[PDB]
Amino acid sequence: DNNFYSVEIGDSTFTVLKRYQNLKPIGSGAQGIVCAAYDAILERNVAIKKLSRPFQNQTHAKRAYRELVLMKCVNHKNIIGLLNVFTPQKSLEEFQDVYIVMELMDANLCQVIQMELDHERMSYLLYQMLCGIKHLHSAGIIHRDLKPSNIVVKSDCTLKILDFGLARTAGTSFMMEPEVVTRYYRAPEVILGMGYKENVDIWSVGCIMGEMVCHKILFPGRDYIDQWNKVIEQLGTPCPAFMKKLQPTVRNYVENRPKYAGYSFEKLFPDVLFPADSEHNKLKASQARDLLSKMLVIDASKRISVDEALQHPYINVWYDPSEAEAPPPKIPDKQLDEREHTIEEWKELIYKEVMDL
Amino acid sequence: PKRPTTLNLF
């Protein structure tokens, strides 16, 4: 326009208010293209995310907007920092796309999953992680997509969550579109199209912590359906009570699978894979495993909770109300958007929600 | 039992 300017990013264009000078791509995602840059003003590198198809349709919107609001409305030492949100076009008419700006962390949790660690560090990172989750949760908001590529860290040993596109509240009914929530970390209730509650997020933190110990992915499916086969082979077939909770159709297939005993957590996770247990109590392989086996549980009903997790013998070693009990973020109630408003009506809420902030 | 301060990611 005159203060903005496009650059050559991937097979696409990038228009950012000049102050954001020095664009280096770093994130290719169904979420949007993301690259780091140096803010000439803030004088510190930042992260620019371009909303890949904001109004490509009814869903993109409901999420484009869902993130904006949630980036804004939520402040916590462990939830990514919102620094801005600008747009190039000038009129609602021309309103084409929106770029968000959030602080920039050093590396990824993938990067972490590629290095040994010690009880102290691993323990703490899972803490910080459970902290940012207690936050979203404490206000009825669910992330539903906690994979490593959505967790960022730093040389000072800190962690912050990311992408809130899928972030929403209460699954009044099965995730009709889990197609999005990444396979490897999909939760049973999501796989078997049930209905998700708060703790679904805790299942993810299960796979995630398991991946940090194994150094490889836990439930390596080869397709949306084979995913179940890896969950049962390790953890074992679900009791009948659970099977009575499945929709009449999923039930059959699920009960027609071979039966699986499953291995115990002292097998899936042998000591040798856990940090060098030192003489001390709080931080021990055994407790690391106990927490693990309380998240990696098919039945949500019987699955741990963030408050409980934040209170476990391996996490509670650095508890502090100022982080674990922190005040829930307050939404103006904008999430009224369950009501799928038309693309246009959508583009209304969007561009403007964009606007002012 | 203090919180870590460094995380060699490099």
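All chain A residue numbers match Swiss-Prot; in order, they span 7-363.
Method on record in the header is X-ray crystallography, 3.0 Å.
Including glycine, each Cβ sits where the backbone N, Cα and C put it.
Copied over from Swiss-Prot, here are the features:
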type	residues	note
BINDING	A:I32, A:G33, A:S34, A:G35, A:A36, A:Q37, A:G38, A:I39, A:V40, A:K55	ATP binding site
MOD_RES	A:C116	S-nitrosocysteine
ACT_SITE	A:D151	active site, proton acceptor
Centre the Cβ atoms of A:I32, A:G33, A:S34, A:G35, A:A36, A:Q37, A:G38, A:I39, A:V40, A:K55, go out 8 Å, and tell me which other residues of that chain have a Cβ in range of the ATP site. A:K56, A:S58
Rounded Cα distance in angstrom between A:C116 (S-nitrosocysteine) and A:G38 (ATP binding site) is 19
Give the number of CB atoms, excluding that of A:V40 (ATP binding site) itself, located within 10 Å of its CB. 22
Is A:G38 (ATP binding site) helix, strand or coil when read with DSSP? strand
Return only the integer: C-alpha distance in Å from A:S34 (ATP binding site) to the residue listed as 'active site, proton acceptor'. 16
May I ask for the distance between A:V40 (ATP binding site) and A:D151 (active site, proton acceptor), taken between their Cα atoms and rounded to an integer number of Å? 18
Rounded distance in angstrom between the Cα atoms of the residue listed as 'active site, proton acceptor' and A:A36 (ATP binding site): 13
